[PDB]
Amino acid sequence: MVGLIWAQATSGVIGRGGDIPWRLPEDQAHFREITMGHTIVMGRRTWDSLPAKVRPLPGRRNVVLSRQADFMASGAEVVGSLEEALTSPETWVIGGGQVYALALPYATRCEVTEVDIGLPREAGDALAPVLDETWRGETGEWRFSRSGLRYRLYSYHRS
């Protein structure tokens, strides 16, 4: 089972200038809840973006995709292809735009956080993959975060 987990603005934007363009700590808690105890797969840029205090993310087997020979990621497994990355039975792909695109075909679950923020797409932005009709979804109720942003969770699946 390969799942993808991401937080996106309603417009599909998930990253800009190498960072996530909003603050929503409740989404980080959700992320932890979903991924804890499992293998997580991320692109090298997503690895770089992790704050040092949680790089690697604790309690999870961190796997980082890179095309670089001896890319160095302490506390993580560096791999050069998706096949070497997606070997675990319960894998969560945690970003970024490139890796979500790459991994979507291997996925059977998506855990999406929609952030109700006006953020029109700009050239060069990292974007969420677009889910077609092979996916069945369940939409959660809107919630307000302490940051003032409304947000909701979506759980998608396909067999």
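We call the rigid core whatever largest set of C-alpha positions still superposes within 1.5 Å between the two forms. One-based numbering along the sequence shown.
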Open item on the list: Which segment is farther from the shown form on average in 8 other deposited structures of this protein after a rigid core fit, 43-51 or 28-36, going by CA atoms?
Closed with: 43-51
Open item on the list: After superposing on the rigid core, which of 111-119 and 64-72 has its C-alpha atoms sitting farther from this form in 8 other deposited structures of this protein?
Closed with: 64-72
- [ ] Can you let me know which of the two, 87-95 or 105-113, has the higher average C-alpha B-factor in the entry?
- [x] 87-95
- [ ] Going by the average Cα B-factor in the PDB entry, point out whether 60-68 or 128-136 comes out higher.
- [x] 128-136
Task: Peak C-alpha temperature factor (PDB record), options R44, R32, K53, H38 - done: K53
- [ ] Classify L149 as lowest, middle or highest third according to the C-alpha B-factor given in the PDB entry, relative to its own chain.
- [x] highest
